[PDB]
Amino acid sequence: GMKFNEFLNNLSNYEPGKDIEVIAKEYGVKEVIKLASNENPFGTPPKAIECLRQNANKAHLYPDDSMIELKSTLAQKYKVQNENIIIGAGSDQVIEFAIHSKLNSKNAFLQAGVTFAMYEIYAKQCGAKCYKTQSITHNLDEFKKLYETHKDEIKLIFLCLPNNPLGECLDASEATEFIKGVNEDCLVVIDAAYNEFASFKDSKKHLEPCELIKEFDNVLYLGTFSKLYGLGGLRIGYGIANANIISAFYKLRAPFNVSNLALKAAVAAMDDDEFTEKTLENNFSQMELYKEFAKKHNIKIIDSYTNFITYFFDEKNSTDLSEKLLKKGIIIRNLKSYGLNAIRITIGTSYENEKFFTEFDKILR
């Protein structure tokens, strides 16, 4: 019969489940409040909305594959050259390029004890070994020691600054201190998907791509339009790195990998400073409410530099709490899949956050 490549044997059967919002609606909830995907609670930036509406009648045209308008906009913003940029269908696709360009069945990659699920999932295709620090949060010392130990094997390192799903963030200077001791043939992938948020809470967490690639030839900085820029549905993100790394990724990238609407909307999103400032300011003032609520209910958290907060439990069960929330129309992210007895709550609008606090307070009694 029909067989496939052996590497597919290493992959898990994948059936996306029934949408949780559909479920909640079938349960007859009063209202559905979604705080589970780290989306912008204010929606799509108004300049992007308009851009999209004006470009709705251009949906039939293949995009300009050079992607010169968005590359130039990114190059100007970060003060790098166009040859240092690649655009992916989400930053996820750039992680894929990185993995496929460097990992294979005879080598390995390094990451924090608990960080973004997709790193290891994408790496499974290559059959590369995954090394994780004991510390679940990113720790400079642990990274140095685990890397040195497997220095001949590790060809790709992930630093999620700040970290999804925990929320912590190493200082930029600690990251650069670590990267200085990494071999030139090992690619350091800095996932900066939420770094705009971290930078806003504390400048010491801010990463500067032009400085990173000028100092380190082996660094790839990843950014996205999905979170702060409120374009998660469009699937567009980017990588910044030495030209040699970008040139290698361009051998793997399919032409027309990003939509013409996403290219246009990303440019508009970057020019809507009032929206992004509104988003950042709401994120951290509302996060205070979350910290206060946890404190009042004796709930452990990790102080966060992202657009979410994570609540950890002991005697109570995160699965049970998530189902109870879901039955009141409140959709959060259960971290059981990460091996944690915890929930991750995306910081929503003040309305959304108040509903979470109202129902959860009831549930915890």
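Residues carry their position along the shown sequence, with the first being 1.
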Taking only the Cα B-factors deposited for this chain, tell me whether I302 sits in the lowest, middle or highest third.
middle
Split the chain's modelled residues into thirds by Cα B-factor; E323 lands in the middle
Would you please rank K204 by its C-alpha temperature factor against the other modelled residues of its chain and give the third it falls in: lowest, middle or highest?
lowest
Third of the chain's Cα B-factor distribution that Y338 belongs to, per the entry:
highest
Within this chain, which third does the Cα B-factor at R53 fall in: lowest, middle or highest?
middle
